[PDB]
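The structure follows.
Don't worry about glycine lacking a Cβ; one is built from the backbone with ideal geometry, like all the others, and counts go over all protein chains shown. The values are calculated or read from the model by the stated rules, or taken from the named source; none is laboratory data.
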Amino acid sequence: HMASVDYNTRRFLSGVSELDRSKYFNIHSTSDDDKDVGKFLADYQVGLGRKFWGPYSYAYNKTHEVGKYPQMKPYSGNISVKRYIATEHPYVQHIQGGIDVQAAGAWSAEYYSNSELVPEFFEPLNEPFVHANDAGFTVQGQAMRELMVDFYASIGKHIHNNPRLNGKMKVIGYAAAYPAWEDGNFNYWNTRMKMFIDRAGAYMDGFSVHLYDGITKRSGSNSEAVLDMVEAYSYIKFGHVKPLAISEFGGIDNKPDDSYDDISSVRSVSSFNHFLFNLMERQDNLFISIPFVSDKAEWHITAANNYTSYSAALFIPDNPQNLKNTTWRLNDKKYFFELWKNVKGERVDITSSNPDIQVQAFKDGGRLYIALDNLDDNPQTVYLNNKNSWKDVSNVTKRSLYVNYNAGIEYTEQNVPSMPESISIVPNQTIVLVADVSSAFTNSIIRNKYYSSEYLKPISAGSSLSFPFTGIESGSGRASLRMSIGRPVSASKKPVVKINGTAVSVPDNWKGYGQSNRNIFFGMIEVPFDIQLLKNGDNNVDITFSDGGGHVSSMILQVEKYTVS
Ligand SMILES: *[C@@]1(O[C@@H]2[C@@H](O)[C@@H](O)O[C@H](CO)[C@@H]2O)O[C@@H](COS(=O)(=O)O)[C@@H](O[C@@H]2O[C@H](CO)[C@H](O)[C@H](O[C@@H]3O[C@H]4CO[C@@H]([C@@H]3O)[C@@H]4O[C@@H]3O[C@H](CO)[C@H](O)[C@H](O[C@@H]4O[C@@H](COS(=O)(=O)O)[C@@H](O)[C@@H](O)[C@@H]4O)[C@H]3O)[C@H]2O)[C@@H](O)[C@@H]1O
Ligand SMILES: [Ca+2]
Ligand SMILES: [Cl-]
Ligand SMILES: [K+]
Ligand SMILES: [K+]
């Protein structure tokens, strides 16, 4: 396996090259007013964030009745924007059968437009649909999912029609907990996220989902397919993608309760890394992402919980029964942020021959950062190639974060005397190489994605499926097809694939695991091919499976084209 870095070629994801740290290196908190958390944020260069508080928790606190809103103290001064996501629990205190949805929406706009400081993102209800059958709701099931979507729609409509908020606050939804698009032969997609996009999507600035590994893995090809489907349908519906927001990502350890444990609760860090590389490659269509690691989470530390900390906590009190006076310990989740500290700059060109080895590279003035992650279940040796034999690179330091499920995190920083010829990387290990670079850019390469008017197509044995694409700027560089399929695990993953009539090789491998422990495979399989097969303008992809069943969920062409600028 090989990875190649060209630090003399600047890389763009459509219009952006620079890494936006604020899209990634965040905690699931807004506790920057805590002395310990605030110091951590500065020390590790971390942003915010997410909070369960908003117009509906504020209003209920005043009126003690769902769907009834107080008067907001009038305020007509400047509105500043704090970068975080405000969300609400999908409680009966916030939404209920019989609610006046237009009044609820009006209230969000009244609450925020009379505030001196608003969140950059409002995500009205957290994981709403999984709560649609909760006993306390007087409307349940599909009717409640529809009411929750109408609540979202009203909020987006009212916020956007308020000139004090429009352009300042972005409304995102639906904070999806369980992005099992494929369930029920894609009935789940049709009745959850498709329905959301159809019924509230016009009023949303972007679409939000939660991405978790069980410790059943979404990292790798499943999460890629999950997010590609949202983009692919948004293109069809709106004529363009809308940005994504990954309002939680991490791991869930499968534990009889949600209490923190020093070994089990750090297993999530490997998931942070595995998802991060996916999301870095989406920066041009990503508002924000939030690693699911929080703060002191003092709300959890109660008699009823035996004074345990919450699993997602970042700080653990030395004395849980004296919270007023206790010292607080920063746990080993800190090493996720240590690994990525100072990493920034313009993307530079990088490729990896093995889809299980995720690669990133950035150049910030005289510093070069090269990152690798192993999604496979075996160690892999990766040959590192550079066309200039690294002549301009010196003072190499290797950072390594290895998550072992029994031993916890092993984090090391080592000076090495030259860029390595090859690197061995074990499962759940992420490496960041930091070096000085003295070089200037002689070329750029621009990654664009092209979406089809066709999506969600049922597969029949021997029956070709045609996917048209338009507006392609072809040229020199690289290209690939992102082919997402949901099929029984035994169904073929090796269709015949033709690019403008020319058959191309379909790889055996894809990002991450085989999903053998799932009944339905739902994943994006990349099919690299020669860019020279693409034409300027219209292109067609035709694919044929030898067996029936399942669907092609989305087909997206990725083109990385050499460009001046
Ligand atoms: C979610 O869980 C995840 C799922 O979404 C999903 O993805 O699966 C995941 C598996 O990994 C997971 O289950 O996120 C969690 C986040 O954890 S955290 O980041 O560690 O916190 C949990 O969310 C937490 O849920 C708890 C309850 O279970 C709680 O709601 C947490 O938030 C806290 O709530 C209270 C207590 O501490 C503060 C936290 O935000 C907050 O304090 C309130 O703050 C407001 C101001 O913002 C007020 O001060 C309020 O005081 C009251 O109101 C004031 C007046 O205020 S106002 O004028 O109305 O504005 C006064 O009247 C005062 O007297 C009064 O007491 C104060 O309480 C939350 O983060 C999971 O539960 C969640 O599902
Ligand atoms: Ca693989
Ligand atoms: Cl659901
Ligand atoms: K605020
Ligand atoms: K969902």
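Would you pick out the residues in region 201-229 that are among the polar types (S, T, N, Q), crowded, with 24+ Cβ neighbours inside 10 Å and farther than 30 Å from residue 109 by Cβ?
219, 221, 222, 223
Something else about it: How many residues does region 50-86 hold that are outside any strand (DSSP E or B) and more than 9 Å from ligand 1 (Cβ to nearest atom)? Walk me through it before giving the result.
Looking only at region 50-86, we keep the residues that are outside any strand (DSSP E or B), and these are 53-79.
Now narrow it down to the ones that are more than 9 Å from ligand 1 (Cβ to nearest atom): 55-56, 63-79.
Of the residues in region 50-86, 19 are outside any strand (DSSP E or B) and more than 9 Å from ligand 1 (Cβ to nearest atom).
Pairs, please: C-beta under 6 Å, at least 6 apart or cross-chain, first residue under 13 Å from residue 79 (Cβ atoms) and in region 102-121, second in a helix (DSSP H, G or I)?
That search, which allows pairs on different chains as well, returns 109/158; 109/159; 111/55; 118/112.
I'd like the full set of residues that are within 16 Å of ligand 1 (Cβ to nearest atom) and either surrounded by fewer than 18 Cβ atoms within 10 Å (Cβ to Cβ) or on the phi > 0 side of the Ramachandran plot (or both), limited to region 5-37.
33, 34, 36
Sort through 440, 435 and tell me the only one that's closer than 23 Å to residue 365 by Cβ, crowded, with 19+ Cβ neighbours inside 10 Å and among the small types (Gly, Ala, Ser).
435
Right, next: Considering only strands (runs of 3 or more DSSP E) fully contained in region 272-334, which possess at least 3 residues that are surrounded by fewer than 20 Cβ atoms within 10 Å (Cβ to Cβ) and within 16 Å of ligand 2 (Cβ to nearest atom)?
none
Could you tell me how many of the residues in region 168-187 are within 13 Å of ligand 5 (Cβ to nearest atom), touching a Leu at 6+ places or on another chain (Cβ under 9 Å) and in a strand (DSSP E or B)?
3
Based on what the data block shows, is residue 103 in a helix (DSSP H, G or I), more than 16 Å from ligand 1 (Cβ to nearest atom) and surrounded by fewer than 18 Cβ atoms within 10 Å (Cβ to Cβ)?
yes
Same structure, new question: Touching a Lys or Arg at 6+ places or on another chain (Cβ under 7 Å) and of a type in the set (S, T, N, Q): is that true of residue 474 in this structure?
So residue 474 fits the description; yes.
Need at least 2 residues that are closer than 23 Å to residue 462 by Cα and within 16 Å of ligand 5 (Cβ to nearest atom) per element, so show me which strands (runs of 3 or more DSSP E) inside region 483-565 make the cut, counting only ones lying wholly within it. Quick ask: steps written out before the conclusion?
Numbers: elements: 496-499, 502-504, 520-529, 537-544, 551-563.
Of the strands (runs of 3 or more DSSP E) lying wholly inside region 483-565, those with at least 2 residues that are closer than 23 Å to residue 462 by Cα and within 16 Å of ligand 5 (Cβ to nearest atom) span 520-529.
Consider residue 342 carefully, then state whether it is surrounded by fewer than 17 Cβ atoms within 10 Å (Cβ to Cβ) and under 26 Å from residue 314 (Cβ atoms).
yes
Applying the selection to region 437-451, what residues are part of a loop (DSSP other than H, G, I, E, B), of a type outside the set (S, T, N, Q) and under 19 Å from residue 14 (Cα atoms)?
Correct list: 441 only.
Considering each of 198, 261 in turn, give the residue that is away from ligand 5 (no atom under 16 Å from the Cβ) and either part of a helix (DSSP H, G or I) or surrounded by fewer than 17 Cβ atoms within 10 Å (Cβ to Cβ) (or both).
One residue alone meets the criteria, 261.
A further question on this structure: Condition check: basic (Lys, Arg), within 23 Å of the chain's Cα centre (by Cα) and surrounded by fewer than 19 Cβ atoms within 10 Å (Cβ to Cβ). Does residue 168 satisfy that?
Yes, satisfied.
Another one. Within region 106-144, work out how many residues are within 14 Å of ligand 4 (Cβ to nearest atom), in a loop (DSSP other than H, G, I, E, B) and among the aliphatic types (A, V, I, L, M).
Selection size over region 106-144: 0.
Moving on to the next point. Could you please let me know if residue 130 is under 25 Å from the mean Cα position of the chain (by Cα), within 16 Å of ligand 1 (Cβ to nearest atom) and either surrounded by fewer than 24 Cβ atoms within 10 Å (Cβ to Cβ) or β-branched (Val, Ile, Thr) (or both)?
Numbers: under 25 Å from the mean Cα position of the chain (by Cα): yes; within 16 Å of ligand 1 (Cβ to nearest atom): yes; either surrounded by fewer than 24 Cβ atoms within 10 Å (Cβ to Cβ) or β-branched (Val, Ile, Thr) (or both): yes.
For residue 130, the condition - under 25 Å from the mean Cα position of the chain (by Cα), within 16 Å of ligand 1 (Cβ to nearest atom) and either surrounded by fewer than 24 Cβ atoms within 10 Å (Cβ to Cβ) or β-branched (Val, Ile, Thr) (or both) - is met.
Counting only residues that are more than 16 Å from ligand 4 (Cβ to nearest atom) and within 28 Å of residue 105 (Cβ to Cβ), how many does region 29-69 have?
Counting residues in region 29-69 that are more than 16 Å from ligand 4 (Cβ to nearest atom) and within 28 Å of residue 105 (Cβ to Cβ) gives 9.
Would you check if residue 186 is assigned by CATH to the domain that holds residue 243 and either within 16 Å of ligand 1 (Cβ to nearest atom) or farther than 23 Å from residue 244 by Cβ (or both)?
No; evaluated as a whole, the condition is false for this residue.
Looking only at region 10-24, how many residues end up being of a type outside the set (D, E, K, R), assigned to a strand (DSSP E or B) and closer than 17 Å to residue 371 by Cβ?
Qualifying residue count, region 10-24: 1.
Would you point out the residue of region 125-167, among those that are within 24 Å of residue 244 (Cα to Cα) and of a type in the set (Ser, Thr, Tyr), that is farthest from ligand 5 (Cβ to nearest atom)?
154
To keep it simple, each residue is scored yes or no on (1) under 20 Å from residue 80 (Cα atoms); (2) aliphatic (A, V, I, L, M).
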residue: 158; (1), (2): yes, no
residue: 201; (1), (2): no, no
residue: 206; (1), (2): no, no
residue: 209; (1), (2): no, yes
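On the given criteria, is residue 237 more than 16 Å from the chain's Cα centre (by Cα) and buried (at least 22 other Cβ atoms within 10 Å of the Cβ)?
Here the answer is no, as residue 237 does not meet what is asked.
Still on this model: What are the residues in region 303-316 that are within 29 Å of residue 399 (Cα to Cα) and over 30 Å from the mean Cα position of the chain (by Cα), if any?
Once the filter is applied, which keeps residues that are within 29 Å of residue 399 (Cα to Cα) and over 30 Å from the mean Cα position of the chain (by Cα), region 303-316 yields nothing.
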